[PDB]
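Heads up: the structure comes next, in structure tokens.
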Amino acid sequence: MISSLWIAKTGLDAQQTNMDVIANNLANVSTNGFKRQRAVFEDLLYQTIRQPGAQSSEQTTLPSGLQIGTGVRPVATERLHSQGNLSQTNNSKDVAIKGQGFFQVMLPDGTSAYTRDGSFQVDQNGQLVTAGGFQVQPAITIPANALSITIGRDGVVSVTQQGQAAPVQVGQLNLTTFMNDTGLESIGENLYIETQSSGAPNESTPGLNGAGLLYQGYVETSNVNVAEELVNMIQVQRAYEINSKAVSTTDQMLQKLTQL
Amino acid sequence: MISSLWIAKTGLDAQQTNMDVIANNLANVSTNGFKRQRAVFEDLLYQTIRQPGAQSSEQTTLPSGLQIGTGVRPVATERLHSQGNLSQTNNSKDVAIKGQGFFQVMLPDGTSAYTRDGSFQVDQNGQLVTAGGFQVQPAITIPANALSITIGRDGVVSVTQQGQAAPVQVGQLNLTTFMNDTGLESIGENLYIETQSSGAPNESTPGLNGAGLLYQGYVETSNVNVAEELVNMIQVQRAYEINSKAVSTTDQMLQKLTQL
Amino acid sequence: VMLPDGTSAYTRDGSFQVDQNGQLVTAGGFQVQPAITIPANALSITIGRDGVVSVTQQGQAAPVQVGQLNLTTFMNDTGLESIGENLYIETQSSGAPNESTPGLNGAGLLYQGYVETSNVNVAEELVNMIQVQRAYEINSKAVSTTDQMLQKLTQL
Amino acid sequence: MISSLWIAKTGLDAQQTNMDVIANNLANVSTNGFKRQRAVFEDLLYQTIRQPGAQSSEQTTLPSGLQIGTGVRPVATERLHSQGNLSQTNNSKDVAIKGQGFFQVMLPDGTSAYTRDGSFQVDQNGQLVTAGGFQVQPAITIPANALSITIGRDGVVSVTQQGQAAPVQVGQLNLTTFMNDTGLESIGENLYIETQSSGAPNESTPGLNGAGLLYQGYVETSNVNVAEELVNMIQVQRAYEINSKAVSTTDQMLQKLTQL
Amino acid sequence: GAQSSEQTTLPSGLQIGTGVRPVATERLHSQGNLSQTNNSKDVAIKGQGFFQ
Amino acid sequence: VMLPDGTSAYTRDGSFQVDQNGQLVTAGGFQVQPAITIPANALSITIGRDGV
Amino acid sequence: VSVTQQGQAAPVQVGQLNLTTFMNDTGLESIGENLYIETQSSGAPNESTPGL
Amino acid sequence: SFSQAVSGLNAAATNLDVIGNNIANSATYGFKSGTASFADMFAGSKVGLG
Amino acid sequence: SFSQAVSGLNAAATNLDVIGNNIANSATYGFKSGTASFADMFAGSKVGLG
Amino acid sequence: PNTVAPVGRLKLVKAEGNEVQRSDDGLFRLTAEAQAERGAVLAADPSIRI
């Protein structure tokens, strides 16, 4: 009923979204290959009671007219694709990517998704799949009687057979890149898909066209700085309480007005 | 039908619009590059029952005639164009301008707006755009397979390639200065448009002719002081209560009059 | 919007729903004149800043366009006749409507997710009602005095 | 007997209905798969005293004739068919649907309802019924001596028997989607019945045609945002108070007319 | 979906809830943690079943 | 409205009730001329904006 | 009186609302619709720009 | 906001339970250490779910 | 007042990270120790930015 | 509503009052001098407003 009330309501909603993204960042602080989120707001329209720069007289102009804001809206919520710290697990079936790029994954329906976390396992049939039953698009198949699996900086993969003391190659792990990494549509189970906002994916061997290298035995931790989350949470709480105080003041004014 | 009633109406309206601008300032306390507003009021005309300085006799003159007020009106609103605090995001695509200036933006219609919020993204076509799709007017086109992006203190922007072991320039972020910054008309999405009382825009390189420098990785915070906003809220609440009391007194007086 | 009897009305209240045929209609069943239709199994309906409507699907990697929300402008907004169902119809007082895309020829823009409130100032209504109550009482007193003086006249 | 009384009565009734829906939302904030409701209003007819645009002279016309309102009337209520949060229960028979769709439930009289609340229990005959005794329409029959129940993302349900070293399929879960989710009529057991506004149902397996997936061990909570409900309650109380003030003013002027 | 006119039907009607009630309190027959007591006549079962 | 003596009268007051036979009648027993009947076991009756 | 256009920054002047004054405002003959017409008691009207 | 925090708390509790189980089964002969892997979950975009 | 304190806290965290990197990189044959360098920033005069 | 169309115009006369005589049924008519000096039937004048 009062413009002040609606403006304060929009402010409360914005602070709520900020707190929600903070909680989301803190919840999966230990998720491998997770990128933290950041929300960006913008002001809403402005009601122009007196147009700025108006022709007040034959030669005089208003230096600045009368304009009233009407609130704030969250314009976007974007990922921050930084490079997470590399851990040391000393496992043969987890690969960390240094630089840019994503592993391609064949979804059950038939489309293609992209992931950043490399921690692979083997299905019952010998295919190399990510945790969740999604196989890699180039279809790397590990044969039986495999002594060890070796992956170099490039995508080439090799398996040490029981005999002949000579490693053989059974595939290659290329990386896909995008023009706009922040435009990827994130979905559940730690996956991304392509949209119009991002560019057309381009395949590349590791170490070429700016694509990152591969390291075996390492995993990539989330780039969530737990130190900044606490101070951001304090600021969010303070701003939320201040907006609540504004709502309370407006309600007090209305209640006093209705007592006539 | 009483002058006091119409005067108290104007007083209530002035307090309401003051509270509205306070709530607007408190709403987008987290919006990047937001300049707070304050309202300036003026009194209305005066009814001269007896003319001041009129000849009261052959030699005497009235020291001061009988003049009656009419009320108040908000005459303007101005934005304090000071320098906001710079926060760090460690993002290579965030630019914060220290000093005075605005980035020029090409609206889809064909007109050009000017903004202070430096927080840029790259679309699918590899062009620097703002959060909302509006492109930067100098038309910076970042090529693909870009290892890193560097923006100096001045407007030059370079991109590191895989080869050639040297940065390559791809544009320059000239910014515009105005004779009168307050005269820019404010629209949504943190945008301002030129008006008559703002003067022709002046393109300039950063660091010259009073133009500010550019910092990469930082983002400018809004200049809002909540400590003053709280006391402003208390003051406007009390003023609204006083004006409501005046209205109630006039109503009681008129009601007792009409019982004859 | 189009009334069932063929004629077209105009409204400011943007609160739309989808019927069984996948047509964007107002809350009340009246369908929008440019005839925006939504395909089945839509995932996310987005509306552009200048009226372009797009919809996502299951496997498609790009949004598909489905319509445009061109809106009309009038020479004199106050002259439109207001029918009950939160709708306006053009009259001879207002000029002939001219339809245009948002953002051009002085037309507005569209925001998705928000709805426009009402521009009613509460603080003015209360003082206005106090004023009208007092004026009503004063006129009643005038009637009473006239009646009393007429009675005194006719008594003799 | 005065138009103002009739108008204010409609205003009070509309505010009462709004408060009623707010309280209904506030009541079952702990109901699984519950959708909040929003009431939309629309004014009543108008009385035209002077026809707008009618000639006032040979060449002039009335810019806008006299036109009096009649009040307000609620027209519809919409359910925000968004996605609620997911909470973990570690109960093997709790299934949460992520996305769009409903489980079909066979009512005792033979009709079919649709529910989104996934909390299933097995009765004495092995039927997979919902909490209330109604059985799921595809007729999933859990055999005895079942060590565990597995429900995949594609909604295929299998059991782990004593041996055989391999689970056996016992049925499938099919999800029905409607053209207009907001059009379904609710009957009050987390059940919605198909009506004319919503399209004819069409079964589809999860993960196809935009239908959502299934997560075992999770339940979807209601999408009720109390932070908005509190502000709505404040606004409703103020509006009700103002309308009561209007009624009191009309009564006072009627009394003064009576005393005439 | 009422037939509000000859052709137009209301996409969503006017319905008001009447509250909420508890329908059941289900037990969670999961497996508890086993402890050690070193007593001759203290028996714990793993899996499913009940002593009579 | 059909009067008892055959003639028809016109009324603007809308207050209708269902008779024992189901026919829609006005408050007073006089029945509406177009002869609208309501079947029993009816969940809810709706009337359109154009008199359907 | 000025009106701002779509693209143009500078407002475009469209007219001037000059107003009239009389030697004796009391002598104007009043009719309906808040209108006054000149008489012999009131002098001939003179038009001027506001403020002068 | 509350449900995401609850989910994170449960995930941390699960991780600590795994750590405790690994450290308790030390000195066991035919034993292999266990580790936990987590995964984010989103409804559409910009809507985190823990 | 928040921005200056947050900036100082971030600088201290950077210094600690550099120290930890140096201490953890001992016994690396081809290694050179790293030291951080800081600089205050002022907008005009009498205004602190961190 | 945009189909309003004029369908006629009334005829208003302006009689001073010293030259009109009442008939025997309540209507007024021009007297002999009035009809002699202003014709048999008066002419509508645009100055009359209703």
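Please note that chains go A, B, ... in the order of the structure tokens, that every chain numbers its residues from 1, and that ligands are numbered from 1 in the order shown.
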
Item to check | For range 103-115 of chain B: contacts at 6 Å, only C-alpha atoms, fewer than 5 positions along chain excluded, given as a ChimeraX atom specification | outcome: /B:134-137,175,191-193

Next on the checklist: Residues within 8 Å of residue 5 in chain H, please, as a list in words. Count only C-alpha atoms; anything in the same chain fewer than 2 positions from it doesn't count.
Outcome noted: residues 23, 24, 26 and 27 of chain A; 1, 2, 3, 7, 8, 9 and 50 of chain H

May I have the selected residues written with N, CA and C atoms, as a PDB file, in the first residue's frame?
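The result, stored in result.pdb:
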ATOM      1  N   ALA A  23      24.943 -19.839   1.935  1.00  0.00           N
ATOM      2  CA  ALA A  23      24.728 -21.158   2.517  1.00  0.00           C
ATOM      3  C   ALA A  23      25.037 -22.256   1.512  1.00  0.00           C
ATOM      4  N   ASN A  24      24.651 -22.054   0.252  1.00  0.00           N
ATOM      5  CA  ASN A  24      24.943 -23.048  -0.774  1.00  0.00           C
ATOM      6  C   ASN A  24      26.443 -23.222  -0.955  1.00  0.00           C
ATOM      7  N   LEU A  26      28.758 -22.676   1.325  1.00  0.00           N
ATOM      8  CA  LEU A  26      29.347 -23.317   2.497  1.00  0.00           C
ATOM      9  C   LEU A  26      28.976 -24.790   2.597  1.00  0.00           C
ATOM     10  N   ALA A  27      27.795 -25.175   2.113  1.00  0.00           N
ATOM     11  CA  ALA A  27      27.336 -26.549   2.287  1.00  0.00           C
ATOM     12  C   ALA A  27      28.255 -27.531   1.572  1.00  0.00           C
TER      13      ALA A  27
ATOM     14  N   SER H   1      17.295 -21.651   2.443  1.00  0.00           N
ATOM     15  CA  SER H   1      18.551 -21.351   3.119  1.00  0.00           C
ATOM     16  C   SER H   1      18.808 -22.330   4.254  1.00  0.00           C
ATOM     17  N   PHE H   2      17.728 -22.755   4.907  1.00  0.00           N
ATOM     18  CA  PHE H   2      17.857 -23.668   6.035  1.00  0.00           C
ATOM     19  C   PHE H   2      18.180 -25.082   5.569  1.00  0.00           C
ATOM     20  N   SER H   3      17.509 -25.542   4.513  1.00  0.00           N
ATOM     21  CA  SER H   3      17.699 -26.909   4.048  1.00  0.00           C
ATOM     22  C   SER H   3      19.101 -27.135   3.495  1.00  0.00           C
ATOM     23  N   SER H   7      21.648 -29.954   4.905  1.00  0.00           N
ATOM     24  CA  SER H   7      22.294 -30.935   4.042  1.00  0.00           C
ATOM     25  C   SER H   7      23.806 -30.904   4.208  1.00  0.00           C
ATOM     26  N   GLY H   8      24.385 -29.707   4.280  1.00  0.00           N
ATOM     27  CA  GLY H   8      25.815 -29.608   4.512  1.00  0.00           C
ATOM     28  C   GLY H   8      26.232 -30.182   5.850  1.00  0.00           C
ATOM     29  N   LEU H   9      25.434 -29.938   6.889  1.00  0.00           N
ATOM     30  CA  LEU H   9      25.732 -30.497   8.201  1.00  0.00           C
ATOM     31  C   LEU H   9      25.711 -32.019   8.161  1.00  0.00           C
ATOM     32  N   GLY H  50      21.920 -27.670  -1.927  1.00  0.00           N
ATOM     33  CA  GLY H  50      22.738 -28.366  -0.958  1.00  0.00           C
ATOM     34  C   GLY H  50      23.659 -29.390  -1.591  1.00  0.00           C
TER      35      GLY H  50
END

Please give chain H as a compact mmCIF listing (two decimals) with C-alpha atoms, in the first residue's frame, after it has been superposed on chain I by least squares over all Cα atoms paired in order.
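Result file part.txt:
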# COMPACT_ATOMS: atom_id res chain seq x y z
CA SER H 1 35.02 0.69 8.03
CA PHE H 2 34.01 -2.86 7.18
CA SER H 3 35.69 -3.03 3.77
CA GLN H 4 39.06 -1.84 5.11
CA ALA H 5 38.98 -4.60 7.72
CA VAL H 6 38.05 -7.18 5.08
CA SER H 7 40.94 -6.03 2.89
CA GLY H 8 43.37 -6.25 5.80
CA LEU H 9 42.13 -9.73 6.67
CA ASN H 10 42.67 -10.86 3.08
CA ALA H 11 46.16 -9.33 3.03
CA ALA H 12 47.11 -11.16 6.23
CA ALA H 13 45.70 -14.40 4.82
CA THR H 14 47.79 -13.93 1.67
CA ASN H 15 50.93 -13.32 3.73
CA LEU H 16 50.33 -16.46 5.79
CA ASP H 17 49.68 -18.45 2.61
CA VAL H 18 53.03 -17.27 1.24
CA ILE H 19 54.73 -18.27 4.49
CA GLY H 20 53.12 -21.72 4.35
CA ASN H 21 54.14 -22.23 0.73
CA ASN H 22 57.73 -21.24 1.54
CA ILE H 23 57.92 -23.56 4.54
CA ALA H 24 56.32 -26.46 2.63
CA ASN H 25 58.77 -26.30 -0.28
CA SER H 26 61.77 -26.74 2.01
CA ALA H 27 64.30 -29.40 0.90
CA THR H 28 63.36 -28.70 -2.72
CA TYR H 29 66.49 -28.23 -4.80
CA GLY H 30 65.84 -25.53 -7.37
CA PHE H 31 63.59 -23.44 -5.14
CA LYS H 32 63.58 -19.76 -4.24
CA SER H 33 61.57 -18.33 -1.35
CA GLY H 34 58.70 -15.95 -2.08
CA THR H 35 57.72 -12.77 -0.25
CA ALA H 36 54.69 -10.48 -0.35
CA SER H 37 54.57 -6.69 -0.64
CA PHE H 38 51.51 -4.62 0.22
CA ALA H 39 50.45 -1.09 -0.68
CA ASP H 40 47.96 1.36 0.79
CA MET H 41 45.22 2.86 -1.35
CA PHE H 42 43.50 6.24 -0.95
CA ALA H 43 40.74 7.85 -2.97
CA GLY H 44 41.63 11.47 -2.24
CA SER H 45 42.93 12.46 1.17
CA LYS H 46 41.76 11.39 4.64
CA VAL H 47 39.73 8.60 2.95
CA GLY H 48 41.45 5.28 3.53
CA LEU H 49 40.52 2.29 1.41
CA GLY H 50 42.47 -0.61 2.92

Checklist entry - Residues of range 72-217 of chain D in strand (DSSP E) according to DSSP, as a PyMOL selection string? => result chain D and resi 72-79+86-88+95-98+103-106+112-115+120-122+128-130+135-136+148-151+156-160+168-172+175-177+185-186+192-193+202-204+213-216

Go ahead and dump the residues you just picked, C-alpha atoms, as a PDB file, in the first residue's frame.
ATOM      1  CA  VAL D  72     -13.176  -5.175  -5.741  1.00  0.00           C
ATOM      2  CA  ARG D  73     -13.637  -8.932  -6.102  1.00  0.00           C
ATOM      3  CA  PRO D  74     -11.072 -11.758  -5.926  1.00  0.00           C
ATOM      4  CA  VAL D  75     -10.965 -13.577  -9.254  1.00  0.00           C
ATOM      5  CA  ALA D  76      -8.445 -16.417  -8.954  1.00  0.00           C
ATOM      6  CA  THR D  77      -5.722 -18.070  -6.898  1.00  0.00           C
ATOM      7  CA  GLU D  78      -2.548 -19.477  -8.426  1.00  0.00           C
ATOM      8  CA  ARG D  79      -0.313 -22.203  -7.024  1.00  0.00           C
ATOM      9  CA  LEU D  86      14.850 -31.594  -0.805  1.00  0.00           C
ATOM     10  CA  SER D  87      15.336 -33.070   2.664  1.00  0.00           C
ATOM     11  CA  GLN D  88      17.001 -36.396   3.420  1.00  0.00           C
ATOM     12  CA  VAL D  95      10.997 -40.919  -3.231  1.00  0.00           C
ATOM     13  CA  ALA D  96      11.300 -37.276  -4.284  1.00  0.00           C
ATOM     14  CA  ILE D  97      10.499 -36.218  -7.845  1.00  0.00           C
ATOM     15  CA  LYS D  98      12.884 -33.558  -9.174  1.00  0.00           C
ATOM     16  CA  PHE D 103       2.504 -40.017  -9.214  1.00  0.00           C
ATOM     17  CA  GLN D 104      -0.881 -41.432 -10.182  1.00  0.00           C
ATOM     18  CA  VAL D 105      -3.015 -42.780  -7.336  1.00  0.00           C
ATOM     19  CA  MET D 106      -6.071 -45.012  -7.752  1.00  0.00           C
ATOM     20  CA  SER D 112      -7.440 -41.334 -10.354  1.00  0.00           C
ATOM     21  CA  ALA D 113      -5.729 -38.538  -8.442  1.00  0.00           C
ATOM     22  CA  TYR D 114      -2.199 -37.185  -8.782  1.00  0.00           C
ATOM     23  CA  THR D 115       0.223 -36.496  -5.951  1.00  0.00           C
ATOM     24  CA  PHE D 120       5.231 -44.754   0.343  1.00  0.00           C
ATOM     25  CA  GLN D 121       4.483 -47.672   2.639  1.00  0.00           C
ATOM     26  CA  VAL D 122       3.855 -51.351   1.953  1.00  0.00           C
ATOM     27  CA  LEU D 128       3.092 -49.983  -2.531  1.00  0.00           C
ATOM     28  CA  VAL D 129       0.428 -47.666  -1.145  1.00  0.00           C
ATOM     29  CA  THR D 130       0.670 -44.037  -0.107  1.00  0.00           C
ATOM     30  CA  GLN D 135      -2.336 -47.637  -3.891  1.00  0.00           C
ATOM     31  CA  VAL D 136      -0.135 -46.352  -6.698  1.00  0.00           C
ATOM     32  CA  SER D 148      16.215 -53.816   0.123  1.00  0.00           C
ATOM     33  CA  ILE D 149      14.319 -51.796  -2.484  1.00  0.00           C
ATOM     34  CA  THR D 150      16.209 -49.885  -5.180  1.00  0.00           C
ATOM     35  CA  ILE D 151      14.571 -47.187  -7.312  1.00  0.00           C
ATOM     36  CA  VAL D 156      12.597 -48.717 -12.353  1.00  0.00           C
ATOM     37  CA  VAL D 157      12.070 -50.467  -9.021  1.00  0.00           C
ATOM     38  CA  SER D 158      13.887 -53.684  -8.121  1.00  0.00           C
ATOM     39  CA  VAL D 159      14.327 -55.737  -4.961  1.00  0.00           C
ATOM     40  CA  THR D 160      17.298 -57.554  -3.436  1.00  0.00           C
ATOM     41  CA  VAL D 168      14.967 -58.502  -9.916  1.00  0.00           C
ATOM     42  CA  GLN D 169      12.625 -55.866 -11.324  1.00  0.00           C
ATOM     43  CA  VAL D 170       9.212 -55.697  -9.643  1.00  0.00           C
ATOM     44  CA  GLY D 171       7.604 -52.842 -11.581  1.00  0.00           C
ATOM     45  CA  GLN D 172       8.109 -49.339 -12.888  1.00  0.00           C
ATOM     46  CA  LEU D 175       5.104 -39.855 -14.180  1.00  0.00           C
ATOM     47  CA  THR D 176       2.172 -37.955 -15.668  1.00  0.00           C
ATOM     48  CA  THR D 177       2.618 -34.346 -16.785  1.00  0.00           C
ATOM     49  CA  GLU D 185      -8.097 -29.020  -8.671  1.00  0.00           C
ATOM     50  CA  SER D 186      -6.972 -30.091  -5.204  1.00  0.00           C
ATOM     51  CA  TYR D 192      -5.047 -33.122  -7.299  1.00  0.00           C
ATOM     52  CA  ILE D 193      -7.757 -34.266  -9.705  1.00  0.00           C
ATOM     53  CA  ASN D 202      -0.105 -38.409 -20.596  1.00  0.00           C
ATOM     54  CA  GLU D 203       2.184 -40.896 -18.885  1.00  0.00           C
ATOM     55  CA  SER D 204       5.922 -40.718 -19.491  1.00  0.00           C
ATOM     56  CA  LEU D 213      13.963 -37.673 -12.193  1.00  0.00           C
ATOM     57  CA  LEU D 214      13.516 -39.672  -8.994  1.00  0.00           C
ATOM     58  CA  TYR D 215      15.709 -39.527  -5.891  1.00  0.00           C
ATOM     59  CA  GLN D 216      15.329 -42.263  -3.288  1.00  0.00           C
TER      60      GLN D 216
END

Next on the checklist: Distance cut-off 7 Å, counting only C-alpha atoms - which residues of chain C neighbour chain A? Return them as an NGL selection string.
Outcome noted: :C and (59 or 61-62 or 122)
